[PDB]
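For reference, the structure discussed in these notes is given below.
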Amino acid sequence: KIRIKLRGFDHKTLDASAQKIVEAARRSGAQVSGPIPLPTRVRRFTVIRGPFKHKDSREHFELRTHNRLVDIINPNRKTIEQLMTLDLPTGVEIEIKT
Amino acid sequence: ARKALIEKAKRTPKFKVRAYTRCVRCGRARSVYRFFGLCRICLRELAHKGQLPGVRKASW
Amino acid sequence: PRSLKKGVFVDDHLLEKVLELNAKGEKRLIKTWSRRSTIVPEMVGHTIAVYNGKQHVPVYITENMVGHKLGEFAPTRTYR
Amino acid sequence: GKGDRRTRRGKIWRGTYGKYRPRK
Amino acid sequence: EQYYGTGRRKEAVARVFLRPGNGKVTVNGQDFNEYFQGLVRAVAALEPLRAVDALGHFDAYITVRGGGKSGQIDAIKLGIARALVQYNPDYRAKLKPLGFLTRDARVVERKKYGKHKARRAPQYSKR
Amino acid sequence: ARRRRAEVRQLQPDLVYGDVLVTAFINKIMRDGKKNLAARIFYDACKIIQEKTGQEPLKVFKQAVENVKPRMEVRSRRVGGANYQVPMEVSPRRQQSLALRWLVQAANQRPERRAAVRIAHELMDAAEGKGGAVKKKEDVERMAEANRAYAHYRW
Amino acid sequence: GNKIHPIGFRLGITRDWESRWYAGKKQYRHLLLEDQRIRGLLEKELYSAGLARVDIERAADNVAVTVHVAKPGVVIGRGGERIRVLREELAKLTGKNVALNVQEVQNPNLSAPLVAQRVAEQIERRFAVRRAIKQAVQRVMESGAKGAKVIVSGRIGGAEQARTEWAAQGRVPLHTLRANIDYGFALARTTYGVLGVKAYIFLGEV
Amino acid sequence: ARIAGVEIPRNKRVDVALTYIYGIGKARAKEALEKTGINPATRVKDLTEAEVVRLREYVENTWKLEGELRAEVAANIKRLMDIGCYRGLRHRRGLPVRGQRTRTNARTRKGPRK
RNA sequence: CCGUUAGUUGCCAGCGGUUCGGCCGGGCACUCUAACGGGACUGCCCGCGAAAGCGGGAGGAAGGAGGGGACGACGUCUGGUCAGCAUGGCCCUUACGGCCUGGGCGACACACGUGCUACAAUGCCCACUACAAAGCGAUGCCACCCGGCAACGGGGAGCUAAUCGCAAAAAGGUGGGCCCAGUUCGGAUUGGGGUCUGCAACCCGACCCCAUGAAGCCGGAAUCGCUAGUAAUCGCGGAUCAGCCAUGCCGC
């Protein structure tokens, strides 16, 4: 039974990733275990917009982590290659565990 | 252009007590957090451009 | 007296000098610098230069007032 | 008050437990 | 044999579930005025019962928590009402009037450029 | 209102008497929000009613009301190179709201050492005809009007 | 004296993160750090063929690096010499080399930044700057565009007293967050000091 | 109960008693109410000497406060005020010993506005 | 406001085990949640009207531009922008530039600025009781037990981070102490104990405890904030951070 985490930035990177891995490993594992999201985590930051003295020019934005925890049951060999070398996105990374 | 003080990295804490924070871009050791290590400005401005990974403007 | 703290801690910065030198006696003021100390024991009855910010005034310490956070034994302002 | 520091209000604000609130 | 009614608003979630029974209410644990301690707040999660009468023929079980007492209590109320929706899905002239319709939309909005209380700009002085 | 009434927002009756007057009043007792202790004193006071005075809370609240609610008073007009003190029929809406507040406040004035005590004290005395609140009322009243000749000016 | 940043205006709309990659806590920072060492020594050595933009991408330990210009010649070098001292030298700033990704565009009339560097340098050479923006704009939108709104600021190619000047054709609702447009500014060499320039070409959007 | 400074505790428990004496009250009433052993609920109006003497006695050698509080306060403040220390420095004038900043705001010690 | 996809969070709306904490299995619809499109276009019934559109009503998740965000067009001000970075020119250099030892920008007879806490019983004091929230935690948040008047000191478990470390949310609830004084208020300043980042913490720190406990019992002429979940009030976290004068700023 395999656990996985694709923690990503773009809200299309996690999509290409979990998509290719859950649908392609749908001819191998236990057909996968649905890309369970996770409450996409948010980190906010604000800063003065008007350089130097201006306790009012600022504003803000943020950086965060969207999380997709795909997962596939029945370690049925074949699965390892319907995702492990048949991937396609770019704005995340292949986190695999068990 | 405060060249003479670009010593911030030779660390020589020589008593942790001295090595000090800083903004990698526009120097300014004033407000220089971490994950960014920038002056609120060098910072926020280059971010503005956006060649500063994922991070995106706020709304709500 | 004066212990209280023991050994006469001095934040090493001022302790090292305090000790052993306490051998050949004194000579007075050894222009101290990291007054972050909590003066102590042997430090009873001696002279050192307390950096008042821009000057090295000469301070002489006595029994019942020795062991306490160095700093507060050398002023640092000037009003009225 | 929050400056009563010692008892209730005091630690309430200090954000301190201790002699007026076990660490839980 | 079963009528579910959900009521939630301002970060307080009161999921009310009623089924043929009597007049007991498990507030994700205890009962009504047990949990709503000396809370005139009690009566809040039962108005949707007053709707078409009887507060003694149905078994009341609720999954309620979050924000806090009131918010959750009321949420509970609107929920019970929805349970009423399920039960008698033809109760307009009762479920609308002393009725209900949506959460509420009025939560301590936001502080921005200071003034905290989103309006409370620092007061002036004496010039 | 830049042109439109900007309506009189309506309150959901009492959570102990299904009454609008109740609710408004308890808000008046209230503070920092504390709907709780607000309604609280409201009640304990009601206890004074039923106890210290057989007669019912309904009738006492109502009577005190009829007593403190104003009637005719004054404000001035800067219309003709001057502002004269002219009286007018102290509209119901307000009459209520403020004879209301008023009461609550004079009540605050009262002695005792307990809030429910105050509420009682005054509310009763009012209902009757005896006290700080409503008395202050009569004052604003007859006081107002002295500027009678001015009245015909219309407010 | 305000108005938000023509890219922030863009973010999740038209135009995004040139340096495309992720990371997270305790590392993203330095990650980008090396990135600027990059773009910097980068545009630095090759502002040469009048570059235009740099998208350093990271989907893994490598560092994409597709920079763009419209000058292919001196770009790859007679045959491919250029792309060599270039992609090689690369390692020098943090190893993990990258395939020197050369991207050339179709028409410097849609390229506002570029045209700016342009009429800009012009003003370097020293001449009719008002003319400069007038026509520069003219054509920049002209050869297809939905508007060329341009402006120049500081030290009006003269006068002890500095000033501003501007002109535009068509449409350029910089407003309508969603306007899909191209914005650029150029440094201002002239011994007047720093006398910046800016121009924005509206890229349709409907 | 007549103790040290005749700090008689009225319709108040033991704790509420001491607190009425020199350097007493909060934190002080707790320690006193504990030793003397008495219901802090007591209003204080019948403290039988039989029990008062117990707490009243031990409340002499190790407790003062009373005609002694000044001792550790007067003697302990006399040393730092005689040596180039600092603890007493802040008091070497009329500002705030604990803190604070000086220059502006400090009438608490300096005296009244001028 | 509604169905679309899906379920390690959340359901049981229907059980069975229940160790009855949703612990185990199980159910994906309901609450949860990222995601999708649909949802008043003054479109329809009644007024008015040449028209735009306002006014009445039902429908409902809601219009009347749903409440909240970002967007501040042309110029004004030669406003602010020496030490944010950039800069034209000017001056500069055994030095107007470099490093180090201390002071100091936290000196006070005073005035004004912004906040703290306060005079209290619709309160304070104590014990027991009942529930978020958007954030935060690796060489870091820190589990329970041992040292614990206390600050804290140790062992020490967890995560690896919607399941694990931060967190005790307070006002609310029930009884209990007080019955209106300068009081249990108030906690200055000087009364004591300790916790801690840091060497060192005089000057120039945060904290617990010991003694002391001042002014004040809502504050002149005057001056402020705020259309409703808002005013008020009560709390949690956040970057700067080995300690921090943060009662300041931010978000909830």
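How things are named: the first chain in the structure tokens is A, the next is B, and so on; residues count from 1 in each chain; ligands count from 1 in the order shown.
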*Long-range neighbours of range 17-22 of chain B as a list in words, 9 Å cut-off, only C-alpha atoms (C1' of nucleotides), 5 positions minimum in chain*: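 The neighbour list is residues 8, 9, 10, 11, 12, 27, 28, 29, 30, 31, 32, 33, 34, 37, 38 and 39 of chain B; 198 of chain I.
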*Quick one: everything within 10 Å of residue 53 in chain G, counting only C-alpha atoms (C1' of nucleotides), minus sequence neighbours fewer than 3 positions away in the same chain. Send it as a PyMOL selection string.*
chain G and resi 18+39+43+47+50+56+66-69+103+113-114
I want to know what sits within 12 Å of residue 33 in chain E, based on only C-alpha atoms (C1' of nucleotides), with residues of the same chain fewer than 6 positions away left out; could you give that as a PDB file with N, CA and C atoms (P, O5', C5', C4', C3', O3' and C1' of nucleotides), in the first residue's frame?
ATOM      1  N   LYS E  24     -35.591  15.379  23.864  1.00  0.00           N
ATOM      2  CA  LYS E  24     -34.239  15.310  24.405  1.00  0.00           C
ATOM      3  C   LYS E  24     -33.297  15.899  23.349  1.00  0.00           C
ATOM      4  N   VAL E  25     -32.179  16.472  23.779  1.00  0.00           N
ATOM      5  CA  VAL E  25     -31.267  17.078  22.827  1.00  0.00           C
ATOM      6  C   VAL E  25     -29.802  16.888  23.137  1.00  0.00           C
ATOM      7  N   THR E  26     -29.134  16.035  22.368  1.00  0.00           N
ATOM      8  CA  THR E  26     -27.718  15.785  22.588  1.00  0.00           C
ATOM      9  C   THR E  26     -26.899  16.798  21.857  1.00  0.00           C
ATOM     10  N   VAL E  27     -26.436  17.772  22.609  1.00  0.00           N
ATOM     11  CA  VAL E  27     -25.605  18.805  22.057  1.00  0.00           C
ATOM     12  C   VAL E  27     -24.253  18.101  21.997  1.00  0.00           C
ATOM     13  N   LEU E  39     -28.018  30.026  30.111  1.00  0.00           N
ATOM     14  CA  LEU E  39     -28.053  30.767  28.864  1.00  0.00           C
ATOM     15  C   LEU E  39     -29.484  30.967  28.408  1.00  0.00           C
ATOM     16  N   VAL E  40     -29.929  32.226  28.370  1.00  0.00           N
ATOM     17  CA  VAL E  40     -31.270  32.538  27.882  1.00  0.00           C
ATOM     18  C   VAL E  40     -31.145  32.097  26.433  1.00  0.00           C
ATOM     19  N   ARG E  41     -29.909  31.697  26.106  1.00  0.00           N
ATOM     20  CA  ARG E  41     -29.497  31.202  24.795  1.00  0.00           C
ATOM     21  C   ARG E  41     -30.230  29.895  24.506  1.00  0.00           C
ATOM     22  N   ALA E  42     -30.514  29.106  25.540  1.00  0.00           N
ATOM     23  CA  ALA E  42     -31.257  27.863  25.349  1.00  0.00           C
ATOM     24  C   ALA E  42     -32.336  28.015  24.259  1.00  0.00           C
ATOM     25  N   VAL E  43     -33.456  28.637  24.625  1.00  0.00           N
ATOM     26  CA  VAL E  43     -34.600  28.866  23.735  1.00  0.00           C
ATOM     27  C   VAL E  43     -34.315  29.119  22.256  1.00  0.00           C
ATOM     28  N   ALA E  44     -33.059  29.406  21.934  1.00  0.00           N
ATOM     29  CA  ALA E  44     -32.615  29.700  20.580  1.00  0.00           C
ATOM     30  C   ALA E  44     -32.642  28.495  19.676  1.00  0.00           C
ATOM     31  N   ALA E  45     -32.358  27.330  20.226  1.00  0.00           N
ATOM     32  CA  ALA E  45     -32.355  26.150  19.398  1.00  0.00           C
ATOM     33  C   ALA E  45     -33.644  25.363  19.613  1.00  0.00           C
ATOM     34  N   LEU E  46     -34.784  25.988  19.325  1.00  0.00           N
ATOM     35  CA  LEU E  46     -36.086  25.331  19.489  1.00  0.00           C
ATOM     36  C   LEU E  46     -37.208  26.155  18.847  1.00  0.00           C
ATOM     37  N   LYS E  69     -20.771  29.081  21.967  1.00  0.00           N
ATOM     38  CA  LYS E  69     -22.144  29.048  22.443  1.00  0.00           C
ATOM     39  C   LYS E  69     -23.143  29.649  21.479  1.00  0.00           C
ATOM     40  N   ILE E  73     -25.538  27.726  18.947  1.00  0.00           N
ATOM     41  CA  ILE E  73     -26.942  27.586  19.417  1.00  0.00           C
ATOM     42  C   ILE E  73     -27.940  27.943  18.330  1.00  0.00           C
TER      43      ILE E  73
ATOM     44  P     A I 130     -16.120  21.433  31.499  1.00  0.00           P
ATOM     45  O5'   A I 130     -16.958  22.218  30.385  1.00  0.00           O
ATOM     46  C5'   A I 130     -18.276  21.788  30.012  1.00  0.00           C
ATOM     47  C4'   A I 130     -19.044  22.895  29.298  1.00  0.00           C
ATOM     48  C3'   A I 130     -18.382  23.566  28.100  1.00  0.00           C
ATOM     49  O3'   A I 130     -18.423  22.827  26.873  1.00  0.00           O
ATOM     50  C1'   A I 130     -19.222  25.246  29.506  1.00  0.00           C
ATOM     51  P     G I 173     -23.606  34.523  32.425  1.00  0.00           P
ATOM     52  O5'   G I 173     -23.200  33.001  32.728  1.00  0.00           O
ATOM     53  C5'   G I 173     -24.078  31.919  32.368  1.00  0.00           C
ATOM     54  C4'   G I 173     -23.704  30.610  33.077  1.00  0.00           C
ATOM     55  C3'   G I 173     -23.677  30.535  34.602  1.00  0.00           C
ATOM     56  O3'   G I 173     -24.963  30.373  35.192  1.00  0.00           O
ATOM     57  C1'   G I 173     -21.836  29.350  33.725  1.00  0.00           C
TER      58        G I 173
END
For residue 10 in chain D, please output as a PDB file with C-alpha atoms (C1' of nucleotides), in the first residue's frame all residues within 12 Å (counting only C-alpha atoms (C1' of nucleotides); exclusion window: fewer than 5 positions along the same chain).
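This is the output file result-v9.pdb:
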ATOM      1  CA  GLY D   1      -5.589  44.805  36.058  1.00  0.00           C
ATOM      2  CA  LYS D   2      -3.401  43.358  33.299  1.00  0.00           C
ATOM      3  CA  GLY D   3      -0.654  45.101  35.306  1.00  0.00           C
ATOM      4  CA  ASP D   4      -1.827  43.668  38.613  1.00  0.00           C
ATOM      5  CA  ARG D   5       0.631  41.175  37.096  1.00  0.00           C
ATOM      6  CA  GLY D  15       0.851  35.406  28.941  1.00  0.00           C
ATOM      7  CA  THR D  16       2.537  33.797  31.935  1.00  0.00           C
ATOM      8  CA  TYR D  17       1.280  30.789  33.935  1.00  0.00           C
ATOM      9  CA  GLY D  18       3.327  29.844  37.039  1.00  0.00           C
ATOM     10  CA  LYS D  19       2.305  30.836  40.533  1.00  0.00           C
ATOM     11  CA  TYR D  20      -1.149  31.623  39.151  1.00  0.00           C
ATOM     12  CA  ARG D  21      -1.830  29.005  36.446  1.00  0.00           C
TER      13      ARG D  21
ATOM     14  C1'   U I 117      -3.739  50.491  32.767  1.00  0.00           C
ATOM     15  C1'   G I 187      -1.483  48.347  40.806  1.00  0.00           C
ATOM     16  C1'   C I 208       8.350  34.851  39.047  1.00  0.00           C
TER      17        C I 208
END
*Show which residues sit within 8 Å of range 64-70 of chain F, as an NGL selection string. Count only C-alpha atoms (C1' of nucleotides), and ignore same-chain residues fewer than 2 positions away.*
:F and (60-62 or 72 or 90 or 95-96 or 98-100 or 102-103 or 123-129 or 133-135 or 137-138 or 140-141)
If we count only C-alpha atoms (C1' of nucleotides) and set the cut-off at 9 Å, which residues sit around range 58-61 of chain A, ignoring sequence neighbours fewer than 2 positions away in its own chain? Please answer as a PDB file with N, CA, C and O atoms, in the first residue's frame.
ATOM      1  N   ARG A  43       0.363  31.431   3.776  1.00  0.00           N
ATOM      2  CA  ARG A  43       1.304  32.288   4.498  1.00  0.00           C
ATOM      3  C   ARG A  43       1.256  33.739   3.913  1.00  0.00           C
ATOM      4  O   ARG A  43       1.738  33.975   2.803  1.00  0.00           O
ATOM      5  N   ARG A  44       0.686  34.694   4.661  1.00  0.00           N
ATOM      6  CA  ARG A  44       0.554  36.107   4.230  1.00  0.00           C
ATOM      7  C   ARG A  44       1.709  37.036   4.632  1.00  0.00           C
ATOM      8  O   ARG A  44       2.343  36.833   5.661  1.00  0.00           O
ATOM      9  N   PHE A  45       1.978  38.051   3.816  1.00  0.00           N
ATOM     10  CA  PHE A  45       2.977  39.065   4.160  1.00  0.00           C
ATOM     11  C   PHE A  45       2.598  40.426   3.586  1.00  0.00           C
ATOM     12  O   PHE A  45       2.171  40.529   2.432  1.00  0.00           O
ATOM     13  N   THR A  46       2.765  41.459   4.411  1.00  0.00           N
ATOM     14  CA  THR A  46       2.452  42.855   4.072  1.00  0.00           C
ATOM     15  C   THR A  46       3.703  43.730   4.205  1.00  0.00           C
ATOM     16  O   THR A  46       4.592  43.409   4.991  1.00  0.00           O
ATOM     17  N   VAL A  47       3.776  44.835   3.461  1.00  0.00           N
ATOM     18  CA  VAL A  47       4.956  45.708   3.554  1.00  0.00           C
ATOM     19  C   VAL A  47       4.703  47.110   3.028  1.00  0.00           C
ATOM     20  O   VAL A  47       3.902  47.299   2.125  1.00  0.00           O
ATOM     21  N   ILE A  48       5.400  48.090   3.583  1.00  0.00           N
ATOM     22  CA  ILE A  48       5.214  49.461   3.147  1.00  0.00           C
ATOM     23  C   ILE A  48       5.463  49.639   1.664  1.00  0.00           C
ATOM     24  O   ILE A  48       6.537  49.299   1.172  1.00  0.00           O
ATOM     25  N   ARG A  49       4.467  50.178   0.962  1.00  0.00           N
ATOM     26  CA  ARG A  49       4.571  50.420  -0.474  1.00  0.00           C
ATOM     27  C   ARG A  49       5.317  51.704  -0.785  1.00  0.00           C
ATOM     28  O   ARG A  49       6.031  51.790  -1.784  1.00  0.00           O
ATOM     29  N   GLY A  50       5.132  52.707   0.066  1.00  0.00           N
ATOM     30  CA  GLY A  50       5.801  53.980  -0.126  1.00  0.00           C
ATOM     31  C   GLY A  50       7.099  53.987   0.644  1.00  0.00           C
ATOM     32  O   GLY A  50       7.135  54.461   1.775  1.00  0.00           O
ATOM     33  N   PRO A  51       8.189  53.489   0.041  1.00  0.00           N
ATOM     34  CA  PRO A  51       9.502  53.426   0.678  1.00  0.00           C
ATOM     35  C   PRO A  51       9.701  54.505   1.738  1.00  0.00           C
ATOM     36  O   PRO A  51       9.365  55.663   1.508  1.00  0.00           O
ATOM     37  N   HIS A  54       5.759  55.911   6.228  1.00  0.00           N
ATOM     38  CA  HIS A  54       4.461  55.867   5.585  1.00  0.00           C
ATOM     39  C   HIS A  54       3.740  54.680   6.192  1.00  0.00           C
ATOM     40  O   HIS A  54       3.573  53.650   5.548  1.00  0.00           O
ATOM     41  N   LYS A  55       3.349  54.812   7.447  1.00  0.00           N
ATOM     42  CA  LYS A  55       2.640  53.745   8.126  1.00  0.00           C
ATOM     43  C   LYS A  55       1.257  53.644   7.473  1.00  0.00           C
ATOM     44  O   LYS A  55       0.246  53.698   8.158  1.00  0.00           O
ATOM     45  N   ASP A  56       1.229  53.498   6.142  1.00  0.00           N
ATOM     46  CA  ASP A  56      -0.023  53.396   5.374  1.00  0.00           C
ATOM     47  C   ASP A  56       0.039  53.028   3.878  1.00  0.00           C
ATOM     48  O   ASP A  56      -0.988  52.706   3.287  1.00  0.00           O
ATOM     49  N   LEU A  63       2.375  33.558   0.010  1.00  0.00           N
ATOM     50  CA  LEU A  63       3.035  32.373  -0.527  1.00  0.00           C
ATOM     51  C   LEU A  63       2.371  31.224   0.221  1.00  0.00           C
ATOM     52  O   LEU A  63       2.010  31.378   1.388  1.00  0.00           O
TER      53      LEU A  63
ATOM     54  N   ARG B  44       9.591  43.239  -1.842  1.00  0.00           N
ATOM     55  CA  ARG B  44       8.271  43.489  -2.376  1.00  0.00           C
ATOM     56  C   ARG B  44       8.279  43.987  -3.798  1.00  0.00           C
ATOM     57  O   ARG B  44       7.443  43.627  -4.584  1.00  0.00           O
ATOM     58  N   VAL B  55       4.781  32.749  -5.124  1.00  0.00           N
ATOM     59  CA  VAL B  55       4.169  33.782  -4.312  1.00  0.00           C
ATOM     60  C   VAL B  55       3.303  34.697  -5.206  1.00  0.00           C
ATOM     61  O   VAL B  55       3.751  35.124  -6.269  1.00  0.00           O
ATOM     62  N   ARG B  56       2.072  34.993  -4.780  1.00  0.00           N
ATOM     63  CA  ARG B  56       1.148  35.812  -5.574  1.00  0.00           C
ATOM     64  C   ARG B  56       0.392  36.861  -4.725  1.00  0.00           C
ATOM     65  O   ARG B  56       0.217  36.682  -3.520  1.00  0.00           O
ATOM     66  N   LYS B  57      -0.040  37.955  -5.355  1.00  0.00           N
ATOM     67  CA  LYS B  57      -0.728  39.050  -4.656  1.00  0.00           C
ATOM     68  C   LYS B  57      -1.914  38.607  -3.821  1.00  0.00           C
ATOM     69  O   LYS B  57      -2.555  37.618  -4.135  1.00  0.00           O
ATOM     70  N   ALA B  58      -2.197  39.351  -2.753  1.00  0.00           N
ATOM     71  CA  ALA B  58      -3.314  39.022  -1.871  1.00  0.00           C
ATOM     72  C   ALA B  58      -4.673  39.599  -2.284  1.00  0.00           C
ATOM     73  O   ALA B  58      -4.746  40.584  -3.014  1.00  0.00           O
ATOM     74  N   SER B  59      -5.744  38.967  -1.796  1.00  0.00           N
ATOM     75  CA  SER B  59      -7.130  39.378  -2.059  1.00  0.00           C
ATOM     76  C   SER B  59      -8.095  38.689  -1.086  1.00  0.00           C
ATOM     77  O   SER B  59      -7.919  37.524  -0.737  1.00  0.00           O
TER      78      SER B  59
ATOM     79  N   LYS E 112      -7.325  46.643   8.306  1.00  0.00           N
ATOM     80  CA  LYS E 112      -6.432  46.763   7.170  1.00  0.00           C
ATOM     81  C   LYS E 112      -5.364  47.746   7.562  1.00  0.00           C
ATOM     82  O   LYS E 112      -4.546  47.499   8.453  1.00  0.00           O
ATOM     83  N   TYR E 113      -5.415  48.884   6.890  1.00  0.00           N
ATOM     84  CA  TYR E 113      -4.478  49.953   7.110  1.00  0.00           C
ATOM     85  C   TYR E 113      -4.562  50.512   8.531  1.00  0.00           C
ATOM     86  O   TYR E 113      -4.550  51.721   8.728  1.00  0.00           O
TER      87      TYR E 113
END
*Would you give me, as a PyMOL selection string, the residues of chain I that come within 7 Å of chain H, using only C-alpha atoms (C1' of nucleotides)?*
chain I and resi 106+108-110+177+188-191+202+211-212
*Interatomic distance between CA of residue 40 in chain F and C1' of residue 131 in chain I?*
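Here the two named atoms are 20.9 Å from each other.
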Give as a PDB file with C-alpha atoms (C1' of nucleotides), in the first residue's frame every residue of chain I that touches chain C within 7 Å, counting only C-alpha atoms (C1' of nucleotides).
ATOM      1  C1'   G I 102      33.292  52.466  25.825  1.00  0.00           C
ATOM      2  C1'   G I 103      29.472  56.083  25.622  1.00  0.00           C
ATOM      3  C1'   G I 104      25.239  57.376  23.168  1.00  0.00           C
ATOM      4  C1'   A I 107      20.611  62.673  29.311  1.00  0.00           C
ATOM      5  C1'   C I 108      15.866  65.824  31.981  1.00  0.00           C
ATOM      6  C1'   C I 199      29.397  36.458  28.048  1.00  0.00           C
ATOM      7  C1'   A I 200      28.755  40.177  29.377  1.00  0.00           C
ATOM      8  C1'   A I 201      23.189  42.633  30.314  1.00  0.00           C
ATOM      9  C1'   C I 202      25.892  49.121  35.221  1.00  0.00           C
ATOM     10  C1'   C I 203      24.110  52.200  31.843  1.00  0.00           C
TER      11        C I 203
END
*Kindly indicate which residue among E:10, E:59, E:48, E:95 lies nearest to chain I, using only C-alpha atoms (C1' of nucleotides) for the distances.*
E:10
*Could you list, as a ChimeraX atom specification, every residue of chain G that has an atom within 12 Å of an atom of chain I, counting only C-alpha atoms (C1' of nucleotides)?*
/G:1-5,8-9,25-26,154-155,158,160-163,173-178,187-196
*asked:* Just want the 12 Å neighbourhood of residue 97 in chain E, counted on only C-alpha atoms (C1' of nucleotides), with same-chain residues fewer than 4 positions away dropped. Output as a count of residues only.
replied: 9
How would you write, as a PDB file with N, CA, C and O atoms, in the first residue's frame, the set of residues in chain D that DSSP gives as helix (DSSP H, G or I)?
ATOM      1  N   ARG D   8      -4.801  36.925  38.742  1.00  0.00           N
ATOM      2  CA  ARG D   8      -5.601  36.804  37.513  1.00  0.00           C
ATOM      3  C   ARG D   8      -5.235  37.735  36.362  1.00  0.00           C
ATOM      4  O   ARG D   8      -4.295  37.465  35.620  1.00  0.00           O
ATOM      5  N   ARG D   9      -6.005  38.796  36.170  1.00  0.00           N
ATOM      6  CA  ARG D   9      -5.708  39.743  35.104  1.00  0.00           C
ATOM      7  C   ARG D   9      -4.207  39.751  34.792  1.00  0.00           C
ATOM      8  O   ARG D   9      -3.781  39.662  33.631  1.00  0.00           O
ATOM      9  N   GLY D  10      -3.417  39.848  35.858  1.00  0.00           N
ATOM     10  CA  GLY D  10      -1.969  39.873  35.736  1.00  0.00           C
ATOM     11  C   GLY D  10      -1.397  38.839  34.787  1.00  0.00           C
ATOM     12  O   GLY D  10      -0.903  39.183  33.711  1.00  0.00           O
ATOM     13  N   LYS D  11      -1.454  37.567  35.169  1.00  0.00           N
ATOM     14  CA  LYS D  11      -0.921  36.552  34.271  1.00  0.00           C
ATOM     15  C   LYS D  11      -1.759  36.427  33.003  1.00  0.00           C
ATOM     16  O   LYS D  11      -1.212  36.144  31.935  1.00  0.00           O
ATOM     17  N   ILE D  12      -3.067  36.675  33.117  1.00  0.00           N
ATOM     18  CA  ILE D  12      -3.972  36.586  31.966  1.00  0.00           C
ATOM     19  C   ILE D  12      -3.233  37.273  30.841  1.00  0.00           C
ATOM     20  O   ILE D  12      -3.009  36.687  29.778  1.00  0.00           O
ATOM     21  N   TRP D  13      -2.819  38.509  31.106  1.00  0.00           N
ATOM     22  CA  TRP D  13      -2.085  39.303  30.123  1.00  0.00           C
ATOM     23  C   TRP D  13      -0.608  38.920  29.926  1.00  0.00           C
ATOM     24  O   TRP D  13      -0.172  38.687  28.789  1.00  0.00           O
ATOM     25  N   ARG D  14       0.154  38.869  31.019  1.00  0.00           N
ATOM     26  CA  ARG D  14       1.574  38.520  30.943  1.00  0.00           C
ATOM     27  C   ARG D  14       1.751  37.464  29.867  1.00  0.00           C
ATOM     28  O   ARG D  14       2.689  37.517  29.058  1.00  0.00           O
TER      29      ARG D  14
END
*Just give me the gap between CA of residue 66 in chain C and CA of residue 82 in chain H in Å, one decimal is fine.*
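Here the two named atoms are 11.1 Å from each other.
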*Enumerate as a PyMOL selection string the residues belonging to chain I that approach chain F to within 10 Å, with only C-alpha atoms (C1' of nucleotides) taken into account.*
chain I and resi 121-122+171-172+179-180+227-228+231-234
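Take CA of residue 18 in chain F and CA of residue 51 in chain F: the distance between them is 21.6 Å.
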